[PDB]
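Chain and residue survey
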Amino acid sequence: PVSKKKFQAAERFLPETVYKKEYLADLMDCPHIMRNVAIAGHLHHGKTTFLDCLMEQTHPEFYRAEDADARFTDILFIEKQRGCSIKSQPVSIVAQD
Amino acid sequence: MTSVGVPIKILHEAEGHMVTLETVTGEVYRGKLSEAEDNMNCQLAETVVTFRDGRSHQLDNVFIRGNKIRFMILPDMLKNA
Amino acid sequence: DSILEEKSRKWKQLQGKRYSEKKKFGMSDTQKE
Amino acid sequence: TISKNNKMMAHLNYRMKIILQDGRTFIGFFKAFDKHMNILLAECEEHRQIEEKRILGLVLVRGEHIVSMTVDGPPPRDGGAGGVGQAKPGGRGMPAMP
Amino acid sequence: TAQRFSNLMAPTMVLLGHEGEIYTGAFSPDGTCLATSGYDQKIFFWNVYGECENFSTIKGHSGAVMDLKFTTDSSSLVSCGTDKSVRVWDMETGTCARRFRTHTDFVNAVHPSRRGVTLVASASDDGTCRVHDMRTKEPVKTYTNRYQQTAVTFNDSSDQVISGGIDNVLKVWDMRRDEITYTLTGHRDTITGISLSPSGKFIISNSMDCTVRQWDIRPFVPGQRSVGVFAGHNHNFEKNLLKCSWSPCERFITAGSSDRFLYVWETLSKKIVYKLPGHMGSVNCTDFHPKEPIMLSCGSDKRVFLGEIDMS
Amino acid sequence: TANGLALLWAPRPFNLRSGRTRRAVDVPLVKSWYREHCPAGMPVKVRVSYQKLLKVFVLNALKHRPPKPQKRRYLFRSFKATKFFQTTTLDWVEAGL
Amino acid sequence: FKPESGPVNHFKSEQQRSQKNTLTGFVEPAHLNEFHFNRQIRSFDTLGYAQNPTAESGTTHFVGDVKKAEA
Amino acid sequence: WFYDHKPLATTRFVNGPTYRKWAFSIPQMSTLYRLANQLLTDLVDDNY
RNA sequence: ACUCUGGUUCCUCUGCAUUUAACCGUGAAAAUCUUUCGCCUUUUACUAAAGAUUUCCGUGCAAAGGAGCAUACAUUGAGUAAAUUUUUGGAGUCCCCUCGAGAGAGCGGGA
Ligand SMILES: Nc1nc2c(ncn2[C@@H]2O[C@H](COP(=O)(O)OP(=O)(O)OP(=O)(O)O)[C@@H](O)[C@H]2O)c(=O)[nH]1
């Protein structure tokens, strides 16, 4: 019955963040602040590991191994195994200038 | 930046939003705080000025010298910040 | 009162030895030297 | 009170009544201050002498204009580990007697 | 079917989790909780009702705990132990609000003031009876006796401190005089515990001579203060400081006993009517729940018993 | 500095400088040799032996199963706890004999 | 506690009438202050007397060469 | 110290006689790296 | 202003090491059940692969207690210590008109 269909990581809870979720959801009402961005690269340039640094700063609980990239935005298990990114994934975070 | 006090930090988070500030001469300015400074100079845009007699007028931009501002009503989401 | 002096002495030894730090709970995992 | 760190952290979040040099009375939950004695009042209201009450938002008062402030009301308000023992129901075994 | 008398889940409960010999146990005055401790040094809190789960446990003691009493408002638990220290535990935080440390030898017995400023009477193997105050490092009063003191209580007005000890006779000190106002004489061996009546008129005192003696501590009595003597319990060669306690209606008195039996006496007749087996060793402490007819007993058998009775 | 930079791409363990310590039975001194490839010149016997050692390594890695979390059965501590066993320091040829 | 009413046998006198559970005796678990129990062995062995272990010991507080206990 | 039985165990480079952790410098690490050479691979491995 | 503790090392106990892409182990054994090839006048012991389960050699961290070696009170968790334009060194007082018994307010006027 408990079919092991799992093909992607999905988090069992909301992880901790430095910002309150309420301040994120309130800032959503204010496009005079918010920005949208895409990060685009040749294969295996910085792009995914750089977002892991933005994750590590906002989250505190975000474990990065000393040996290998965590690659949080590479959620699929094919992307974990291949380690190239294969599909886009979005992040939303509050961050200070 | 250097560690300026929390009220000045909250003032810069108020830059996105509408703020309402009263000047020492009594006029109330409501507008969208486009720049603020650590001396709390304020630049407002899309401004409405309300005079002490209750008349009002629109103003496209206003610069208020920081030491002439009595108080500002900030938006509530900044309480979360 | 001299009997109370003796009883005071007896009580001091008994409670001293009973509670003694060498005998408190959580002790004598004794190392096989 | 303020600046004495053990004391200052407890005087924040009190509901405080602020008197300004124009004679206004503001009331709100005082929850930030600055070396220039600027103060930030959450959920603020004003009382103007004539008394009339008006509701404001989060109000930043530039410190230059404060005369004085006083406590109006308390901050809002709302071991834990064990589990070693167990407590099943039972009964009393009768011992021996002489 | 059978008669029931309390909200207990069963007419007796066996509480297991201790490993040390349990030397003391008391209910919270609100009736929600009880706390128990002894040679394990860990103070175990238990709920009175339902599964009675051990919701909290406080460490921090490093010498075994002689005696343990709640403050009247139930905000704090006061406990003392052979670490020469008196420790006051905040009930909400579970942390040591005060650690009085001026005793020079084992502290065996503790009693908080009933009302006014929170004061803690304490008695010790250094022979001093000391009253501490939450507000000061130094104690308010130190009364020194030549012989070790192992029981203490205030009176209800919290202005006389009654301390008993090796002397068998009782040094009762009046806190405005700093003198013994009177002594209570009848005990042939050391006094293992004293408990003040709910109304404050009387105290019971338990002693190693295997009797509990009831004393009238009211300001005027026209003759001898000995009201009565209770017997039937026993003190064994362990020489424990077996405690005693009052029923909140005063009609019943209890004392610890080395014969494993939970004794209850009727105050006027001094007869026994409850002799409750179930323990496997010396019953060091016994107390009544303050609102409901539940008996607590703590024993050297590492077990705590809760049970309900027909208090008549 | 020149040596420190060279260590960064030394083979493991030499790219570390701080490490947990490992049992002498676990250091498999020759294992990198059979992993990498046969040298072009080595004859029949040795080439076949490289394939057989890869087969053993590939079956070991394929089957694996991660270790169970358990209470470790310390058994020599259980002997040492009883009165019947004593401990002493001995010379390996004495202990062997 | 109230005692069983009526006569008691002449058939089965002072050993056999007593309370028992195992074949000779009432056996029940006990816990004590180990250290004090250790003390009471050592006094009986070295000195000839001990403080009476029994529950409900009554007046018989001590058990041994009572002349030594009093002296 | 190279041929001691448990080398360095009584020194600041390893936690103690349980011999569970080590922290060598670079002068040490480059020297034993150079001695190990005959056993080691040449590769910047992963692509090969 | 408060309770709170000596370093280091070692022993033993207790808890957790299931979200496995993957890994408590940069190493790598054995057994059982079920299933599929090859030896055999018989069974074990076997060949070599899969799946499900165990055992065994190890492992990590945290906490607790104790025991040993050289010895020191600070300090952890809980909290202190600048008069020249934008705040913390007075552009402040007084004297008229208005509403109102009263005392304040009007981008009020003026010395
Ligand atoms: N040397 C070095 N390598 C890095 C650095 N940052 C990332 N890399 C390596 O480059 C590889 C790819 O990193 P990723 O974050 O997956 O790069 P990527 O571009 O997101 O991969 P794709 O987006 O799929 O192309 C990994 O092996 C990283 O270790 C770096 O700062 N220095």
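Residues numbered from 1 in each chain as written, not as in the entry; some residues may be left out. Chains lettered and ligands numbered in written order. Part of a larger assembly, values for the part shown. Heavy atoms only, no water.

1. Quick word on the overall build of chain B
The helix and strand tally for chain B stands at one helix and five strands. Ordering the α and β elements of chain B from the N terminus gives α-β-β-β-β-β. Compactness check: chain B gives a C-alpha radius of gyration of 12 Å against a globular reference of 12 Å for 81 residues, within 12% of the reference. Structurally, chain B occupies a C-alpha span of about 40 × 25 × 20 Å along its principal axes. The buried share of chain B, reckoned over its 81 residues, is 46%. Pairs at least 24 apart in sequence give 39% of the contacts found in chain B among residues at least 6 apart. Just so you have it, chain B exposes about 4300 Å², and 48% of that area is on carbon and sulfur atoms. (Helix = DSSP H or I, 4+ residues; strand = E, 2+ residues; numbered from the N terminus. Rg over C-alpha atoms; globule rule 2.2 N^0.38 Å. Buried < 20%, exposed > 50% of the residue type's maximum accessible area, 1.4 Å probe, protein only. Contact = heavy atoms within 4.5 Å. Areas by Shrake-Rupley, 256 points an atom, 1.4 Å probe, with all protein chains shown as cover.)

2. Quick notes on the site of the ligand
All names here are of chain A. Close to the ligand lie 13 residues, the nearest being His45, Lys47, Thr48, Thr49 and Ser85. Within the side chain of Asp69, an N or O atom sits 2.9 Å from an oxygen atom of the ligand. Looking at side-chain class alone, the shell around the ligand contains two nonpolar, eight polar and three charged residues. (Near = heavy atom within 4 Å. Polar contact = N/O pair within 3.5 Å; in protein donor to acceptor, adjacent residues only side chain to side chain. Nonpolar A, V, L, I, M, F, W, Y, C, P; charged D, E, K, R; others polar.)

3. Observations regarding helix α2 (residues 47-58) of chain A
All names here are of chain A. Over its twelve residues, α2 extends 17 Å from the first C-alpha to the last, a length consistent with the 16 Å expected when each residue adds 1.5 Å. Those residues of α2 that sit buried are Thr48, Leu51, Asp52, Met55 and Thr58. Within α2, the buried residues cover an arc of 125° as seen down the axis, which keeps them to one side. Along α2, exposed side chains directed more than 90 degrees from the buried face belong to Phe50 and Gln57. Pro60 sits one or two positions beyond α2 and adopts a positive phi of about 50°. (Expected span 1.5 Å × (residues − 1). Arc of directions from axis to C-beta.)

4. Some details on the environment of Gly281(E)
Position of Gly281(E) among the secondary structure elements: in the loop between β25 (272-276) and β26 (283-288). Placed 263 residues apart in sequence, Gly281(E) and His18(E) show a C-alpha to C-alpha distance of 14 Å. Residue contacts for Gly281(E): discarding those within four places in its chain leaves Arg260(E), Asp301(E) and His31(G).

5. What to know about the protein's contact with RNA strand I
Near RNA strand I you find 63 residues, and of these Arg52(B), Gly26(C), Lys68(F), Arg72(F) and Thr18(H) are the closest. At the protein interface, 62% of the atoms of RNA strand I within 4 Å belong to sugar or phosphate. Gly66(B) places a main-chain nitrogen or oxygen 2.9 Å from a base oxygen of RNA strand I. Within the contact set of RNA strand I, a base oxygen lies 3.0 Å away from a backbone nitrogen or oxygen of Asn67(B). In terms of residues, the surface near RNA strand I owes the most to one element, helix α3 (residues 45-63) of chain F, which gives four residues. For the surface near RNA strand I, the residue count by class is 13 nonpolar, 16 polar and 34 charged.

6. Points about helix α1 (residues 2-19) of chain C
Here α1(C) contains 18 residues, and its C-alpha end-to-end distance of 26 Å stays within 8% of the 26 Å for a straight helix at 1.5 Å per residue. Residues of α1(C) that are buried: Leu4(C), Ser8(C), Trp11(C), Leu14(C), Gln15(C), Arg18(C) and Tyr19(C). Along α1(C), the residues classed as buried sweep out an arc of 140° about the axis, all on the same side. Every exposed residue of α1(C) that faces more than 90 degrees away from the buried side is listed here: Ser2(C), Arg9(C), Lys12(C) and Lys17(C). Taken together, the buried residues of α1(C) touch β2 (22-27), β6 (65-70) and β14 (149-154) of chain E together with α1 (35-47) of chain G.

7. Regarding a nonpolar patch on the surface
Judged by side-chain polarity, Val27(F), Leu29(F), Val30(F), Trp33(F) and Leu39(H) come together as a nonpolar surface patch covering roughly 420 Å² of accessible area. In this fold, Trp33(F) is placed in helix α2 (residues 31-36). (Patch = residues over 30% accessible without salt bridge, like charges linked within 9 Å, V, L, I, M, F, W, Y side chains within 5 Å. Salt bridge = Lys/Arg side-chain N within 4 Å of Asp/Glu carboxyl O.)

8. A short note on the UniProt feature "domain: Sm" in chain B
In the numbering used here, UniProt assigns the feature "domain: Sm" to residues 6-78 of chain B. Secondary structure within residues 6-78 of chain B divides into 11% helix and 53% strand; the distance between the first and last C-alpha atoms comes to 12 Å. (UniProt positions renumbered as here; feature names shortened; annotations may be inferred.)

9. Examining the UniProt feature "repeat: WD" (unreviewed entry) in chain E
UniProt tags residues 15-48, 58-99, 150-183, 184-218 and 276-312 of chain E as "repeat: WD" (unreviewed entry). The straight-line gap between the two end C-alpha atoms of residues 276-312 of chain E is 16 Å; of that span, 0% is helix and 49% is strand.

10. A few points about the sheet that holds strand β21 (residues 226-231) of chain E
All names here are of chain E. Reading across from one edge, β18-β19-β20-β21 is the order of the four strands in this open sheet, with antiparallel pairing throughout. A strand with exactly one partner marks an edge of an open sheet, and here the two such strands are β18 (191-196) and β21. When strand polarity is set aside, the average angle formed by the axes of neighbouring strands in this sheet is 20°. (Pairing = 2+ DSSP bridges. Axes fitted to C-alpha atoms, helices over the stretch in contact; angles between N-to-C directions.)

11. Some words on the sheet that holds strand β24 (residues 262-266) of chain E
All names here are of chain E. The sheet built from four strands is open, its strands ordered β22-β23-β24-β25 with antiparallel pairing. On the outer flanks of this sheet lie β22 (244-246) and β25, each paired with one strand and no other. Mean inter-strand twist for the sheet, computed between neighbouring axes without regard to direction, equals 20°. Both β22 and strand β23 (residues 252-255) contribute to a ladder of three bridges, which runs antiparallel.

12. Overview of the packing of α1(C) against α1(G)
Between α1(C) and α1(G), whose axes approach to 10 Å, the crossing angle comes to 125°. Here α1(C) is positioned oblique relative to α1(G), judged by the angle of their axes. From α1(C), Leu14(C), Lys17(C) and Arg18(C) reach across to α1(G), where they touch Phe35(G), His36(G) and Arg39(G). Broken down by class, the residue content of the contact of α1(C) with α1(G) amounts to two nonpolar, one polar and three charged. (Parallel < 35°, antiparallel > 145°, perpendicular 65-115°, else oblique.)

13. Brief notes about the pairing of strand β3 (residues 39-48) of chain D
Residue and element names in this part refer to chain D. Within β3, eight of the ten residues are buried, leaving the element largely enclosed by the surrounding structure. The pairing of strand β2 (residues 25-33) with β3 spans seven bridges and is classified as antiparallel. What sits directly across from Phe33, in β3, is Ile39. The pairing of β3 with strand β5 (residues 58-61) spans three bridges and is antiparallel. In the strand pairing of β5, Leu40 is matched with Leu60.

14. Notes on the interface of chain D and chain E
Listed per partner, the contact involves 17 residues of chain D and 26 residues of chain E. Among the residues chain D hides against chain E, the three largest losses belong to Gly79(D), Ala87(D) and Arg92(D). Together they make up 41% of the total. Our count for the contact surface shared by chain D and chain E stands at twelve residue pairs in polar contact. Tallied by class, the residues present in the side of chain D that touches chain E amount to six nonpolar, nine polar and two charged. (Buried area = accessible area lost by both parts, 1.4 Å probe.)

15. Looking at the interface of chain B and chain D
The partner chain D presents 19 residues to the 23 residues of chain B that form the contact. Where chain B abuts chain D, roughly 1700 Å² becomes buried across the two surfaces, and 63% of that area is made up of carbon and sulfur atoms. On the chain B side of the interface with chain D, the three residues burying the most area are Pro7(B), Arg70(B) and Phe71(B), jointly 34% of the side's total. Inspection of the chain B/chain D interface yields two salt bridges.

16. Quick word on the environment of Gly26(B)
All names here are of chain B. Within the fold, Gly26 resides in the loop between β1 (18-23) and β2 (28-36). For the pair formed by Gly26 and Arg70, sequence separation is 44 residues and the distance between their alpha carbons is 8.6 Å. When sequence neighbours within four positions are dropped, the list of residues in contact with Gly26 reads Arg52 and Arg70.

17. A short note on unusual backbone geometry
Generally, phi is negative for residues other than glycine and the peptide bonds are trans, each holding for most cases. Residue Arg12(F) is joined to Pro13(F) through a cis peptide bond whose omega torsion reads 15°. Examined against the element boundaries, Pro13(F) turns out to sit in the loop between α1 (2-7) and β1 (18-20). Its identity as a non-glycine residue notwithstanding, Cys210(E) has a phi of 70°, on the positive side. Within the fold, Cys210(E) resides in the loop between β19 (202-207) and β20 (211-216). One non-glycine residue with positive phi stands out, namely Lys239(E), at about 50°.

18. Overview of the side chain of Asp189(E)
Considering the arrangement of structural elements, one finds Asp189(E) in the loop between β17 (179-182) and β18. A distance of 3.4 Å separates a polar atom in the side chain of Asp189(E) from a polar atom in the side chain of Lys7(C). Ignoring sequence-local partners within four residues, the contact set of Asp189(E) consists of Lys7(C), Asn168(E), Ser207(E), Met208(E) and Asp209(E).

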